[PDB]
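Chemist: Below are the structure tokens for one structure; questions will follow.
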Amino acid sequence: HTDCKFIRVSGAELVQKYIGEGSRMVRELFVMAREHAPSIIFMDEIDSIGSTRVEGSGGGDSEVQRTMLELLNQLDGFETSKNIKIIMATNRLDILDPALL
Amino acid sequence: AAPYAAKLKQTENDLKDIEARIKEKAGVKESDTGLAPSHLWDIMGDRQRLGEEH
Amino acid sequence: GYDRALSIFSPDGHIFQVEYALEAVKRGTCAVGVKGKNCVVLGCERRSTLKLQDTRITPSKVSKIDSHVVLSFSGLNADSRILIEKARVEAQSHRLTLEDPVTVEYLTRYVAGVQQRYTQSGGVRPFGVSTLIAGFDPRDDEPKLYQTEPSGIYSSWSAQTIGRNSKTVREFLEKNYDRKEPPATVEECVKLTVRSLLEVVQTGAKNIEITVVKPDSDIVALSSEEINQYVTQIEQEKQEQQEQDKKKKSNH
Amino acid sequence: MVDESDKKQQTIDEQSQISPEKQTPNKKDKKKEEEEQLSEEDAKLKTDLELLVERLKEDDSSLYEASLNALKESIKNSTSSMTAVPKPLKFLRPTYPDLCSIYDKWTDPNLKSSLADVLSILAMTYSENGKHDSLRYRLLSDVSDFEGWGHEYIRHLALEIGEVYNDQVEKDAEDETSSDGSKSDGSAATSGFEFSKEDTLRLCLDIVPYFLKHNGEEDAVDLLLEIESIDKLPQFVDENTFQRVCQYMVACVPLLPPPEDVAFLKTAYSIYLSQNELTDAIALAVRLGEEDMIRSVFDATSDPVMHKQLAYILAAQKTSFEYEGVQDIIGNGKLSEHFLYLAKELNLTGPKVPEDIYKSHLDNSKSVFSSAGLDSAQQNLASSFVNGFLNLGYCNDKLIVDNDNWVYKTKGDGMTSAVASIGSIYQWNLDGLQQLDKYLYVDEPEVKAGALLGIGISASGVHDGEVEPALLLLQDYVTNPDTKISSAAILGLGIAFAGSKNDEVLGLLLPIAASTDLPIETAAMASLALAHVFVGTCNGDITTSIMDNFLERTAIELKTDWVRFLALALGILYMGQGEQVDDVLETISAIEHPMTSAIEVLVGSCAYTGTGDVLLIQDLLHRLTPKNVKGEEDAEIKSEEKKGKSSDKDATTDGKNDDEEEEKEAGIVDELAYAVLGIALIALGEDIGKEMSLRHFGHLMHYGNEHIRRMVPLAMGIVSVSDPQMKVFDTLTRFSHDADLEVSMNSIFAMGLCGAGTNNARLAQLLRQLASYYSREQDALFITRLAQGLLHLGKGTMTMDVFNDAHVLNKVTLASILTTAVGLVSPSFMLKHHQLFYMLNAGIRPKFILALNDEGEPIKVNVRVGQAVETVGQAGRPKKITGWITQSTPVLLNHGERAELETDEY
Amino acid sequence: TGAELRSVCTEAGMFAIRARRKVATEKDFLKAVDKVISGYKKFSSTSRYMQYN
Amino acid sequence: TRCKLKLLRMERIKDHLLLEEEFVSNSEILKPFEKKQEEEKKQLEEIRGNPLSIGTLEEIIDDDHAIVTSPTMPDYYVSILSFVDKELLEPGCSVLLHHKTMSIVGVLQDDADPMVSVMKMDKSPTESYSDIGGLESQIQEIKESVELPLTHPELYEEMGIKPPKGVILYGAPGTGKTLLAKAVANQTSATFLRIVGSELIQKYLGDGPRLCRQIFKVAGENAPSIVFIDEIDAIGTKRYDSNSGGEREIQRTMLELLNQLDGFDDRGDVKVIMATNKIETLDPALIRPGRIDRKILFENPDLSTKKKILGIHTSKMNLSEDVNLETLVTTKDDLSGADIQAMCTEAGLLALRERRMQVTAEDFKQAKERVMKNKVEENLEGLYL
Amino acid sequence: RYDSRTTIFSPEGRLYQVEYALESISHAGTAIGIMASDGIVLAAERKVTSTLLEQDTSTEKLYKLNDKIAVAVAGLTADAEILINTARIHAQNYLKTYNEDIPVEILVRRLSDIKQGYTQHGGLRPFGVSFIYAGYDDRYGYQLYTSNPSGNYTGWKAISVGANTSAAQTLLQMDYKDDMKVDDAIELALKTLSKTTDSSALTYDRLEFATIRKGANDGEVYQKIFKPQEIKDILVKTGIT
Ligand SMILES: Nc1ncnc2c1ncn2[C@@H]1O[C@H](COP(=O)(O)OP(=O)(O)OP(=O)(O)O)[C@@H](O)[C@H]1O
Ligand SMILES: [Mg+2]
């Protein structure tokens, strides 16, 4: 109904290893979106599994957290925006990825 | 919001005028690297460069 | 390390269980003590949930340890019950042996001793409760207020604030109160306690509870009418105050 | 939305969103048939008004268009607006929105154009009734919320504006133009405007300034006075009223020619005079620069009150603040006439009290020296001037001077200037005269001359209240016929009194400045002082100077130096004015010579100032022309030419600086960029032109008050190290000086690198050294600014010697001038009746946030700092007073003005 | 930490700087230790018993 | 209307004017010279051949020759030719090479990399106080450390003590520590880098620590500068399990980051802003000081703070006629600044929806309950009562 | 963490064990006491069910402690068993000693003390039981309390503990009144229970009930656990069946 460019982007982002794994190419998403503005983004991190996962600060939790975190910095940005909007879909907010909200 | 909304519309027009300077400014340049007294060495350099021992 | 029992001393030389007990104090209700020169006023904040909780059958935060000693408390509500009971059986045991009204000084040392006992041994945690214990001595009219902490250190303080957001009450209290000239009349003493609790309650005079302990074993708990009467006078003078700065600034 | 008939009152509104029945059919038939229905229609008006009010909330374009479609036709088709006379006239209430629904809600290009014109005519006719005003008011203050009116209501107002503006652009005026169709004046629309103004001033801001500037008359502005002065405190505080008034005047600055712009600000001053704050008054009276207005605000406090009271103390403070001292002279002697106390009053107006306060500041700021140790040759000369440049303002460095060893090793022109630098150690000080006297009575005539200059500098801070005037010392020297002596004497008198055009000062200088037949280089100083004297207040454009400039030209042309200085003195003389200066351009131009053409472009800048954007395009056509003519062909003269070229360049810069200051603060950024494109254009095209424009640039910045100070001086400096004339560096450093130790940290390293590194001529080295020392005053002792300080739009007087000297290739003679550099700023302090020397607290904020004022009044939040701190330069200028919490009230609003704070404690 | 011992003297100096005083009292060093230590405690081991004692 | 017009007048005329003059002058640069500056241009164009490859200067060799490393696998032996002298070149500098016979043209790359463009900001924040709602003491501290030494060294002279080398910002989530950093960046008039701390981390052997090193390299040259590195809990010491690529990477980046920041004589005038959100994963060798020389705790607003944040935000929202500000802030307890920012946007939204052209009391109170749901803890009176 | 003993505290002065023991009570079935000024009704929901579970001859969350005070049970049944027996002994011990029955306020206080003791002392579990107390004693008339597993008590005019605590409490206070009636109170428990429970049948087999009244006879106090066939009868009248 909106008729804008979506940038779905399925359930993980570690599904791309053609340039290697997104560790700092997560940020590349925002650049490609900004050009093709409006930037309505959709993201699935459903997070129904793992009743404990919020106390972590992390082992190899850290890789996927570094991906999660860099999203937030880019979003809030510094400080120009082109009406960037992030729709999230998720199972609970009690069972959630630490510092996503 | 007409009384002040009018003046806002003019402000976006200003943004484009400053952008047009960025383009313009680049249109003529003058540059040079090295120093002026090393002009004689260029002359030499064409004879070595052209030549084959390197 | 080193907070996993009471029996580790730690190289920073703190017994953590005591340090963490202090942060539990915050959970309870503001309590304020102010001595005059013929009274001690002991007042506390009363939490109000809903209208389905009573305030009739539901316990006040001021508890009589006898008929001349009183106590208000801050900490876990569960903890405080046994602390008070044990203190009370001592207060009676004192007349059983001597036949004297309990000394204010003797009592506070007993309650700090109980917390100290718990704190020394590792088979228990201490009561996570600080109290203020007000009262008057068996026959002297010299007003006494003492404080205990979970550690089982007691002090005498002329005025002291404990409970939720204690520090912000402390600074106001420090300023206004004098040990050069404490309140001569119970009425100004009561209102100073009201002034202290005004800050932290915000709305309500049904969240301020006043009881007074005076010499000759008089303890009276004051009515909702009288407290509402005190808060309105404070509210009128405060309204007036705002106007005067506004005038004075224009005037100069 | 759908029709749902007359079941209830709710569905009646729904019924009429698609098709009215109480506004369309019935009414139409009645009007087009019976005329006893004229009576039914009158009662039904009320009903119809209500139905609009309910459906205002509906916004959709379609259900207002179509609904009221046939009513729109009816104006001319069936009613023809005169079938029953009075009755359509009063029935135009509802028909007027119908028209607006096609203008604005629906956009059909053909009708939206045409019906603008209709709307105007009917706005007028219906404003006789004064009911068109009420129609406007119900949308201006609102009843209902919809997007629609937020766009619509602007149009109604726009009709009025349309016509009134056009009467300036087209002369025919009135309703003869079919663009509006409505009479410009008359007692029918005039009453409409006054009433419209009232409602829009309360709720909005948009149209109140537009009406004034389109009438163009000072008369519109004087109606504004009446209404606003009622509003001054009961409707909203003093403060708010003030911010509007000056927003009107400061925003429309560029588009007001000279006579119009003085004439508008008169009225803003008076508005200020009526209202409670006289503090707002004094500041505008100064803007104008008229004598007449200064005196009314000073009088208003001194004369009524018999007693000393607050009233005398306040008058003195207020005049004391301008350090042009133009106000100082005028106000003095009233104090004498009243006679309560002579002693306190007279001293306090005088800049004598400003010395005392300086000692308090100095005490924090202490003494750190950093002077050159270098001795022998031209390096001796360099160091000895450098000592004064570091200890500018009241400093005590007595002992060093008393070591006459280094003093005496100066030679030539260096000797005069050496004594002259000494005078600036005791700049703004009573004491110091002593040092000067020793030399004045011994050795060559050279030391004697140099003594008089220094006297000039010392006397800057004590020359009123008839307490050692410079006039007293220096008269004796004028009489003495030796030229060096006499020239030096009048240079210092002019500096000291500054703007003060007192009878003794002025009149000593009046027969004189009138001998140029004898050929003497140093007689530049004949006119040069008098020009300086003149600035700071309205000019006569004195007949002494104008006659002598012409005479010199007749006599000589040999001394190129003499005539270049002369040309500038004339332009500096006309500063303080602009209206009267449009005349003298012609007068000068009557006599025509290519040598005279150099004088004109200079003067053009002062006449056009404050509306200039014609002036700008002109000073650029000039630049191009030498090259351009040559361009066409390709596909005694010496002196005249050189004057020609050089003048233009000075003029372009002066023009810019003065315009940007007064105009939009935004525009300050743009004008610097234009300069850089002017220089780039010159570096390639003319070799000779490039030399002049380098020097001009430093004073471009210092005058204009650029916001940026970090990037631009530094960057520019580097290119210009290669480029000849090291005098460049001195012109940059006067801008860079800033809040010492912010900008100037970068500066000492950057200026120092080129100097220290390169030594290939001691001549070259000398300019560089002086520039460096100037920049820094130790631990923020003082700041120099071209500006008044008291206004930030304002321009100084004392700083005009600095501005003069960047027009010529460097000269040892010029060095002597350069010592003089005056333009102090006082550090504010809270005063008391025992004259407390300490500030309590202040807020400072780098950047103002308020966008209602382009000046930006201080925020009330700020960042907090301590007692007795200098009033910071840029990135600290907004200053708010913190004292209110200790129950203290400023009497003297300070926004970061030069002025000293003053407080009343409860 | 010896490093944080260096930070005392710098911080003490900061208090003299905002006060506009041209020297550093005994008092303001007292504050300078207090800030560094009290901040550091936030990370590791909190609280004292000499908050009432 | 008059206030906007006054600013708009000055900034449009000059900027439009600066534009038009650049157009005329640009042509006019060229005509003066035609053989006086032209000569250097002709000689470069011929030697370069136009195509050119990069090399990195390995070392110099005494006899006006040099040896270079190409981006292709072989090295080549070059001769030093042309205008650019060998006192303008040292080892460790990039050089251009000629196509046909590889020859030292001169340098013009000046060790450029695409990561310098990323470091380099061009976007300018709002941002100054009076858009920062309270935290008076917190505003003050970051200004004295980061803004102040640069603007006024005078105080630092007089006392004679070195200026703060950094500051670290930490506290609760969403507190708006980010405004304050932005505010410092706008006001200074200094070269502002940054970067995100998640950008130094990759997976490729040894590239990560060299990206860390690069930031300082660009700052030290264009000093004084300020560097803002966000989120340092993306570059802490934390576990890394087993059978991971990233276990080395996290270790090396952090190590290089540490040495450069301390210096061995240091940059000496570049201050740093670190911000972070987890201090229980921070390494211990980055918050001990000489690195950072304040450490400051941010906490969620209280009554006075809330009223200020609120105060600025409501003045930028039309018609708060029947809206009392005080009555809302009183009831609100323990919220972030994020939550009050959100409540203004939500409350305006409810005012739109009401079919109302203005905000009300009831629009604000409804929005307020909603955002209290979001940030709530109740185990205080759960445990107690 | 600071789970590991029950005689520890945490950096925030919480104790994970007190919180965890508290959440145990929202795992077991709804229990509701509503005080009215004409009786107190106790109503409770079962947490077990099936066609071969016997629950039509038995109560297991309504215990008369003594003869004028009774409790509804919410929490673990094992935890519940011991403390119910202790509580009944002390209530009745008073009976012996003073030859008049225990007051409501003292008996709740006693049992809260015992609760608290398991957290305070030793290396034992806290007790995860929330008992709703409904009594009569002639000092304060009708008294409603509930005790937390933390081991403290507060008086009430209506309360709900056990599963869906938050939902039940909201439901009760919408339709409650201070005047009230005992008959309106029964109907109110039945009203709340329909919504709160995850079983849409909500028939007799799931429901316990006892009403304690002093309006039952005059000068006398009657605790009546209703029998299963009365519980059915009242479900028609409120119309749930
Ligand atoms: N004091 C304030 N004034 C104005 N807006 C505020 C204020 N505090 C919070 N905000 C608003 O709420 C936002 C919350 O801060 P933000 O989400 O950027 O987190 P942070 O804790 O600074 O993050 P990180 O650890 O990622 O650097 C701010 O950016 C601003 O939009
Ligand atoms: Mg942030």
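The way I read the labels, and the way they are meant: chains A, B, ... in the order of the structure tokens, residue 1 as the first residue of every chain, and ligand 1 as the first ligand shown, with later ones counted on from there.
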What residues in chain C lie within 8 Å of chain G, counting only C-alpha atoms, written as a list in words?
Modeler: residues 4, 5, 17, 20, 21, 22, 23, 24, 52, 53, 54, 55, 57, 58, 59, 77, 78, 79, 81, 82, 123, 124, 125, 126 and 127 of chain C
Chemist: Keeping C-alpha atoms, export the residues of the selection given above as a CSV table (one decimal), in the first residue's frame.
Modeler:
chain,number,residue,atom,x,y,z
C,4,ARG,CA,29.0,-14.4,48.5
C,5,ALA,CA,28.9,-14.7,52.4
C,17,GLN,CA,26.4,-8.0,53.2
C,20,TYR,CA,24.1,-4.3,50.3
C,21,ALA,CA,21.8,-4.1,53.3
C,22,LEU,CA,22.0,-0.4,53.0
C,23,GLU,CA,20.7,-0.4,49.4
C,24,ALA,CA,17.7,-2.5,50.6
C,52,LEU,CA,-9.0,-1.8,48.5
C,53,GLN,CA,-6.0,-1.7,50.9
C,54,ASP,CA,-7.1,-0.5,54.3
C,55,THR,CA,-5.2,1.7,56.8
C,57,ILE,CA,-6.3,-3.3,59.9
C,58,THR,CA,-3.2,-2.5,57.8
C,59,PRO,CA,0.0,-1.8,59.8
C,77,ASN,CA,8.6,-5.1,55.6
C,78,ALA,CA,9.1,-8.9,56.5
C,79,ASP,CA,12.5,-8.3,58.3
C,81,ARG,CA,8.6,-7.6,62.2
C,82,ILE,CA,11.0,-10.0,64.0
C,123,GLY,CA,24.5,-18.7,59.4
C,124,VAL,CA,22.0,-15.8,58.7
C,125,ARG,CA,22.0,-12.5,56.9
C,126,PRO,CA,21.2,-9.4,59.0
C,127,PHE,CA,17.8,-7.6,59.2
Chemist: Can you pull out the residues contacting range 43-49 of chain A? Cut-off 8 Å, using only C-alpha atoms, and skip same-chain residues under 4 positions away; I want them as a PyMOL selection string.
Modeler: chain A and resi 8-12+86-92+95-97
Chemist: For the residues in that selection, give me C-alpha atoms as an mmCIF file, in the first residue's frame.
Modeler:
data_model
loop_
_atom_site.group_PDB
_atom_site.id
_atom_site.type_symbol
_atom_site.label_atom_id
_atom_site.label_comp_id
_atom_site.auth_asym_id
_atom_site.auth_seq_id
_atom_site.Cartn_x
_atom_site.Cartn_y
_atom_site.Cartn_z
ATOM 1 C CA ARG A 8 13.408 -6.900 3.458
ATOM 2 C CA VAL A 9 16.048 -8.630 4.497
ATOM 3 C CA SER A 10 14.944 -11.945 6.017
ATOM 4 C CA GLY A 11 15.552 -13.653 9.339
ATOM 5 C CA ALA A 12 19.265 -13.332 9.589
ATOM 6 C CA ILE A 86 12.061 0.519 10.825
ATOM 7 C CA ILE A 87 9.178 -1.771 11.171
ATOM 8 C CA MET A 88 10.139 -4.710 13.489
ATOM 9 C CA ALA A 89 8.224 -7.955 13.968
ATOM 10 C CA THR A 90 9.035 -9.925 16.940
ATOM 11 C CA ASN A 91 7.495 -12.532 19.317
ATOM 12 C CA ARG A 92 7.918 -10.896 22.627
ATOM 13 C CA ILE A 95 12.290 -12.521 25.027
ATOM 14 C CA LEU A 96 14.288 -10.096 22.818
ATOM 15 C CA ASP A 97 17.883 -9.516 21.563
#
Chemist: Write down, as a list in words, each residue of chain C that has any atom within 10 Å of an atom of chain D, counting only C-alpha atoms.
Modeler: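 Here is what falls inside 10 Å: residues 245, 246, 248, 249, 250, 251 and 252 of chain C.
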Chemist: Under the rule of at most 12 Å, produce a per-residue listing of chain A near ligand 2: chain, number, name, the closest pair of atoms, and the distance in Å, as a tab-separated table, using only C-alpha atoms and all ligand atoms.
Modeler:
residue	atom	partner	partner_atom_place_in_ligand_line	distance
A:69	CA	ligand 2	1 (Mg)	11.5
A:70	CA	ligand 2	1 (Mg)	11.9
A:72	CA	ligand 2	1 (Mg)	9.5
A:73	CA	ligand 2	1 (Mg)	7.6
A:74	CA	ligand 2	1 (Mg)	10.8
A:75	CA	ligand 2	1 (Mg)	11.3
A:76	CA	ligand 2	1 (Mg)	8.3
A:77	CA	ligand 2	1 (Mg)	9.2
A:78	CA	ligand 2	1 (Mg)	9.8
A:79	CA	ligand 2	1 (Mg)	11.4
Chemist: Kindly work out which residues sit at most 6 Å from ligand 1, using only C-alpha atoms and all ligand atoms, and give the list as a VMD selection string.
Modeler: (chain A and resid 73) or (chain F and resid 132 to 134 173 to 178 230 275 to 277 309 337 to 338 341)
Chemist: Would you mind writing down, as a ChimeraX atom specification, each residue of range 108-150 of chain C that DSSP on the backbone assigns to strand (DSSP E or B)?
Modeler: /C:124,130-136,143-148
Chemist: Please give the complete set of residues from chain B that DSSP, run on the backbone, assigns to helix (DSSP H, G or I), formatted as a PyMOL selection string.
Modeler: chain B and resi 2-25+36-50
Chemist: What does the file look like for those residues with N, CA, C and O atoms, as a short mmCIF file (atom, residue, chain, number, x, y, z; two decimals), in the first residue's frame?
Modeler:
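Final output, saved to again-v7.cif:
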data_model
loop_
_atom_site.label_atom_id
_atom_site.label_comp_id
_atom_site.auth_asym_id
_atom_site.auth_seq_id
_atom_site.Cartn_x
_atom_site.Cartn_y
_atom_site.Cartn_z
N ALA B 2 1.35 29.81 6.38
CA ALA B 2 1.63 30.72 5.29
C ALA B 2 2.60 31.90 5.53
O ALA B 2 3.49 32.11 4.78
N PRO B 3 2.47 32.57 6.76
CA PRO B 3 3.31 33.71 7.03
C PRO B 3 4.79 33.51 7.11
O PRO B 3 5.58 34.43 6.90
N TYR B 4 5.17 32.29 7.49
CA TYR B 4 6.55 31.89 7.73
C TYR B 4 6.94 30.73 6.82
O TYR B 4 8.13 30.62 6.50
N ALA B 5 5.89 29.99 6.36
CA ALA B 5 6.00 28.77 5.45
C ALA B 5 6.54 29.20 4.11
O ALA B 5 7.37 28.51 3.42
N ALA B 6 6.17 30.42 3.68
CA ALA B 6 6.69 31.06 2.51
C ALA B 6 8.14 31.27 2.47
O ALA B 6 8.74 31.10 1.40
N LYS B 7 8.69 31.68 3.65
CA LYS B 7 10.11 31.93 3.83
C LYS B 7 10.94 30.65 3.93
O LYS B 7 12.06 30.66 3.48
N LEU B 8 10.29 29.54 4.35
CA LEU B 8 10.88 28.22 4.45
C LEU B 8 11.16 27.69 3.13
O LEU B 8 12.26 27.09 2.89
N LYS B 9 10.24 27.93 2.13
CA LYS B 9 10.25 27.42 0.76
C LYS B 9 11.45 28.07 0.12
O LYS B 9 12.17 27.47 -0.66
N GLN B 10 11.72 29.38 0.44
CA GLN B 10 12.87 30.08 -0.13
C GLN B 10 14.17 29.61 0.34
O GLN B 10 15.19 29.67 -0.39
N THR B 11 14.13 29.06 1.62
CA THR B 11 15.36 28.48 2.20
C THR B 11 15.84 27.25 1.48
O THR B 11 16.97 27.13 1.22
N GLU B 12 14.96 26.33 1.04
CA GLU B 12 15.37 25.21 0.21
C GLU B 12 15.98 25.61 -1.11
O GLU B 12 16.92 24.95 -1.56
N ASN B 13 15.50 26.75 -1.73
CA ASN B 13 16.07 27.28 -2.96
C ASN B 13 17.53 27.71 -2.81
O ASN B 13 18.30 27.55 -3.74
N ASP B 14 17.88 28.33 -1.57
CA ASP B 14 19.21 28.71 -1.16
C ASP B 14 20.12 27.54 -1.08
O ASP B 14 21.30 27.70 -1.45
N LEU B 15 19.69 26.35 -0.61
CA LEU B 15 20.52 25.19 -0.45
C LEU B 15 21.13 24.72 -1.71
O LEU B 15 22.31 24.41 -1.72
N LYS B 16 20.34 24.79 -2.88
CA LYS B 16 20.70 24.45 -4.23
C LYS B 16 21.68 25.45 -4.85
O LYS B 16 22.38 25.13 -5.81
N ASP B 17 21.60 26.77 -4.45
CA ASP B 17 22.44 27.77 -4.95
C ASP B 17 23.88 27.54 -4.41
O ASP B 17 24.85 27.82 -5.11
N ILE B 18 24.01 27.13 -3.14
CA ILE B 18 25.33 26.86 -2.50
C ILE B 18 25.97 25.61 -3.14
O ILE B 18 27.17 25.57 -3.31
N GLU B 19 25.14 24.60 -3.48
CA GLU B 19 25.53 23.36 -4.19
C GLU B 19 26.13 23.62 -5.59
O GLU B 19 27.14 22.96 -5.94
N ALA B 20 25.51 24.60 -6.29
CA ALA B 20 25.92 25.05 -7.57
C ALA B 20 27.28 25.70 -7.55
O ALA B 20 28.07 25.40 -8.51
N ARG B 21 27.66 26.40 -6.48
CA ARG B 21 29.07 26.84 -6.20
C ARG B 21 30.11 25.77 -6.09
O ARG B 21 31.24 26.08 -6.42
N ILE B 22 29.74 24.54 -5.61
CA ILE B 22 30.68 23.47 -5.28
C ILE B 22 31.19 23.04 -6.69
O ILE B 22 32.35 22.78 -6.91
N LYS B 23 30.25 22.90 -7.67
CA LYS B 23 30.44 22.45 -9.05
C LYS B 23 31.30 23.40 -9.91
O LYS B 23 32.15 22.99 -10.68
N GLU B 24 30.96 24.67 -9.72
CA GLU B 24 31.52 25.82 -10.38
C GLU B 24 32.95 26.10 -10.09
O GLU B 24 33.81 26.41 -10.93
N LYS B 25 33.21 25.92 -8.73
CA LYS B 25 34.47 26.16 -8.09
C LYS B 25 35.48 25.20 -8.69
O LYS B 25 36.65 25.59 -8.80
N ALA B 36 59.71 24.87 -9.02
CA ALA B 36 59.97 25.55 -10.21
C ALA B 36 61.39 25.38 -10.65
O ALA B 36 61.53 25.24 -11.89
N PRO B 37 62.45 25.36 -9.78
CA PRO B 37 63.86 25.29 -10.22
C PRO B 37 64.30 23.89 -10.74
O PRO B 37 65.51 23.85 -11.06
N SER B 38 63.39 22.91 -10.68
CA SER B 38 63.68 21.52 -10.99
C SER B 38 63.24 21.25 -12.40
O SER B 38 62.95 20.10 -12.75
N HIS B 39 62.93 22.36 -13.14
CA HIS B 39 62.45 22.38 -14.52
C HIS B 39 63.41 21.80 -15.52
O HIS B 39 63.09 21.34 -16.62
N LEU B 40 64.73 21.99 -15.19
CA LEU B 40 65.90 21.57 -16.06
C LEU B 40 65.99 20.02 -15.97
O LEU B 40 66.46 19.36 -16.94
N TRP B 41 65.56 19.46 -14.82
CA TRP B 41 65.67 18.01 -14.50
C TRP B 41 64.62 17.23 -15.25
O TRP B 41 64.77 16.02 -15.48
N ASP B 42 63.52 17.90 -15.60
CA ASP B 42 62.44 17.31 -16.38
C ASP B 42 62.94 16.95 -17.75
O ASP B 42 62.71 15.88 -18.30
N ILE B 43 63.77 17.95 -18.35
CA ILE B 43 64.39 17.98 -19.63
C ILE B 43 65.28 16.70 -19.78
O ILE B 43 65.14 15.92 -20.70
N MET B 44 66.15 16.49 -18.74
CA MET B 44 66.97 15.28 -18.54
C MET B 44 66.17 14.00 -18.52
O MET B 44 66.62 12.99 -19.05
N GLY B 45 65.07 14.01 -17.81
CA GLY B 45 64.22 12.91 -17.48
C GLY B 45 63.57 12.39 -18.70
O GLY B 45 63.38 11.18 -18.82
N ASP B 46 63.21 13.28 -19.64
CA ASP B 46 62.69 12.75 -20.89
C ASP B 46 63.72 11.92 -21.67
O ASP B 46 63.31 10.94 -22.19
N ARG B 47 64.97 12.31 -21.63
CA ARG B 47 66.01 11.52 -22.31
C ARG B 47 66.28 10.12 -21.67
O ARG B 47 66.41 9.12 -22.38
N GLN B 48 66.26 10.03 -20.29
CA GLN B 48 66.39 8.78 -19.63
C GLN B 48 65.15 7.82 -19.76
O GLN B 48 65.34 6.64 -19.96
N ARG B 49 63.92 8.45 -19.64
CA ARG B 49 62.63 7.82 -19.66
C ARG B 49 62.30 7.12 -20.92
O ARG B 49 61.95 5.94 -20.87
N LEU B 50 62.51 7.81 -22.04
CA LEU B 50 62.40 7.37 -23.36
C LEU B 50 63.28 6.14 -23.69
O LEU B 50 62.97 5.21 -24.42
#
